[PDB]
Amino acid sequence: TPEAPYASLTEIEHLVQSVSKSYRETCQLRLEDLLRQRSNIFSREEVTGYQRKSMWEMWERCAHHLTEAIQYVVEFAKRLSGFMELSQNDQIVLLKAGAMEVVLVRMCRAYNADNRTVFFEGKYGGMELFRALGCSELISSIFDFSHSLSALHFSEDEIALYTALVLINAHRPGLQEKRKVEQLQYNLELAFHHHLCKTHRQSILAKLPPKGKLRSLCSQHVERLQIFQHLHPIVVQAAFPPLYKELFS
């Protein structure tokens, strides 16, 4: 069982491998393709074309990409050992709190620190590309957070274990089986620590974002998304109806 006490070196190393595999199979864009596309940057005309779009065109574009990013995180969560064995309540509690945070972490892979650009709809562009949204402060904070994560130079196994820990958090309010979540979290932390020690990457632990900075940024991001959704509702067919009901009712 993934929550079992006295987790062996076999269980811990398979947990590392299984989490990394779940991560790379739920990534919309492969890292090699994001790295290759770094030289493919939007021209002044294309940037002007994005700036001349209405607030509602840019909201619809952005909301569509975020809906897909979330759906991939739900698929990732469902591949995590023990997650599907939790009640629907506990699964919903972990995803409503953790899914956007995971999307925010995953964004660092599409961020280029050299020129401060992000991958958006085929090319790289700066934050000026999102001018029509009228969200420059929140967008600057998202760019700053991805900048800080990109300086860690995460390997696939590291970002995989880190995002799984963002999700399997026993402190999310509303959990019915809090003890079972503490056990799954304990084994993941053990796997994360074991992997960093084995690879001589423990230096990154003191460099990870402070406790609460990720929750705070996600809270501000979701609040803005909920305002746009109330003002100009996006019509989606929910892939996960019980989760969708909690976020949009």
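Note that residue numbering follows the sequence shown and begins at 1.
Practice prompt. Pick between 42-50 and 188-196: the one whose mean CA B-factor in the entry is higher.
Written response: Here the higher of the two C-alpha B-factor means belongs to 42-50.
Worksheet entry | Stretch with the higher entry mean CA B-factor, where the candidates are 232-240 and 16-24 | The stretch with the larger average C-alpha B-factor is 232-240.
Worksheet item: Whose CA atom has the top B-factor in the entry, of 159, 113, 93, 99?
Response: In the PDB entry, the greatest C-alpha B-factor among 159, 113, 93, 99 is found at 113.
Fill in: Residue of maximum C-alpha B factor among 29, 62, 222, 69, per deposited coordinates
Across 29, 62, 222, 69, the entry lists the biggest C-alpha B-factor for 29.
Worksheet entry | Ranked C-alpha temperature factor of residue 89 among modelled chain residues, by third | Its C-alpha B-factor, which the entry lists for residue 89, ranks in the highest third among residues of this chain.
Practice prompt. Select lowest, middle or highest to describe the third in which the CA B-factor of residue 55 falls within its chain in this entry.
Written response: For residue 55, whose C-alpha B-factor we compare with every modelled residue in the chain, the answer is the highest third.
Item to complete: Just say lowest, middle or highest third for the CA B-factor of residue 148 relative to the other modelled residues in its chain.
Response: For residue 148, whose C-alpha B-factor we compare with every modelled residue in the chain, the answer is the middle third.
Worksheet item: Is the Cα B-factor recorded for residue 109 in the lowest, middle or highest third of its chain?
Response: Middle third.
Worksheet item: Which third of the chain holds residue 207 when residues are ordered by C-alpha B factor: lowest, middle or highest?
Response: Residue 207: CA B-factor falls in the middle third of its chain.
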